[PDB]
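# A structural model of the following input is requested.
(one chain, ligands or ions: 1)
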Amino acid sequence: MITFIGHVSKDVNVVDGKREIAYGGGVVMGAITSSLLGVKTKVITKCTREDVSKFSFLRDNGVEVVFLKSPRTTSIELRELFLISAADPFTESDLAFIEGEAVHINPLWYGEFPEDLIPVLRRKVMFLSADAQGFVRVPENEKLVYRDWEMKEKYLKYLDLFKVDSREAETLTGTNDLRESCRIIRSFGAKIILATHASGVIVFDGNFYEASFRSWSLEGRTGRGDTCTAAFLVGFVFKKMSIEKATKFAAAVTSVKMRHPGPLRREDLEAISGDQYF
Ligand SMILES: [Mg+2]
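Numbering: from 1, shown residues only. Take a look at the structure below.
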């Protein structure tokens, strides 16, 4: 069983003159991927009671959701990203009822998931991962700006896996060489780096494993990193795939998700399986 901890988000996308509302977030994209791939999945999130109905589709995809109360729901408009509203941060109290083999920390903004909750979770679970977005994307007068993670060298040592994209990796290392940024971030003590970039995934554990995304679509990109991380965690943690095979599996799942907007769909499983997995 896996638990995703993170804010659901009212995503506002202004693309090609059209304003789109998406009820998403890292945890929505990751949890639907793990659940559809047949791993018992739980989400711990915060939003207003009024906004809970906007995220009902999580339960439709088999995800057990703890909708903790918040006076506000997180809302992000996207190019510059603005935190319109922020739900309440997670607390040590929220970790009390943590269940399963794995927990993935998938925050949207620095301060949503306090870094000093990482050593608390470390003691509670066998496989702990986090998404860099929640530690390098910092609200400054609403504007979400990229800032280095000052305490990365203390907390990365507690993580079995750390997810970055190109912009997050460069924020953490000062280089736009994603492979070199993988070497630098692993030297901070994270056992596995999973990096997504234009049309591919790079996984580093001391050795590099690369797989390309073979599909993409106008609005298929958002959540593809969250999807890739969840697919890798299912492959590697739950299905006992080699790091190499989990990387290829992760890329295959992400590719099918990138054919359409929103999270992985049950109808995507046929395309993903390739008459091999399920
Ligand atoms: Mg991401």
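# quick one: name the residues of this structure near the ion.
Selection of the chain residues close to the ion by CB under 5 Å from the ion yields 133, 165, 225. All C-beta atoms are positioned from the backbone trio N, CA, C, and that covers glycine.
# neighbours around the last one, how many?
Going back to what we said before, that points to residue 225. Around residue 225 there are 26 other residues, counting by other CB atoms under 10 Å.
# cool, the second one as well?
In terms of burial, residue 165 registers 20 neighbours under the definition other CB under 10 Å.
# ok, it - contacts?
132, 133, 195, 196, 197, 225 (CB atoms under 8 Å, 6 or more residues apart in numbering).
# repeat that for 10 Å
Taking CB atoms under 10 Å, 6 or more residues apart in numbering, we find residue 165 in contact with 131-133, 171, 178, 194-198, 224-225, 228.
# same deal with the first one?
Contacts for residue 133 were tallied using CB under 10 Å, 6+ apart; they are 6, 26, 106-110, 112, 144, 146, 163-165, 167-168, 225-226.
# tell me which of the residues you listed fall in helices.
Counting by DSSP state H, those place 26, 167, 168, 225, 226 in helices.
# most neighbours among those, please name it.
Among those, residue 226 has the most neighbours (other CB under 10 Å), with 31 neighbours.
# what sits closest to that one if chain neighbours are left out?
Closest residue to residue 226 apart from its sequence neighbours, by CB to CB, 6 or more residues apart in numbering: residue 29 at 3.5 Å.
# how many neighbours does the one you found have?
Residue 29 has 25 neighbouring residues, counting by other CB under 10 Å.
# a helix runs through it, doesn't it?
Yes. Assessed by DSSP: H, G, I helix; E, B strand; the rest coil, residue 29 belongs to a helix.
# run through the bridge partners of residue 82.
Beta-bridge partners for residue 82, by DSSP bridges, are residue 77, residue 143.
# and it, what is it in contact with?
Residue 82 touches 12, 75, 76, 139, 141, 142, 143, 144, counting by CB under 10 Å, 6+ apart.
# middle-most residue in this structure, spatially?
With distances taken as CA atoms, centre = their mean, residue 226 lies nearest the centre of the chain, 3.5 Å away.
# ok, that residue to residue 32 distance?
Using CB to CB, to the nearest Å, residue 226 is found at 9 Å from residue 32.
# which residues do these two both contact?
With CB under 10 Å, 6+ apart, residue 226 and residue 32 have common neighbours 4, 24, 257, 263, 264.
# got a winner among the residues you listed for most neighbours?
residue 4 (34 neighbours).
# confirm that that residue sits in a strand.
Yes. Judged by three-state DSSP, residue 4 forms part of a strand.
# wait, isn't it in contact with residue 98?
No. The pair residue 4 / residue 98 is not scored as a contact, 11.5 Å apart, by CB atoms under 10 Å.
# about what we covered before: surely the residue nearest to residue 226 and residue 265 touch.
No. Residue 29 is beyond contact range of residue 265, at 11.9 Å (criterion: CB under 10 Å).
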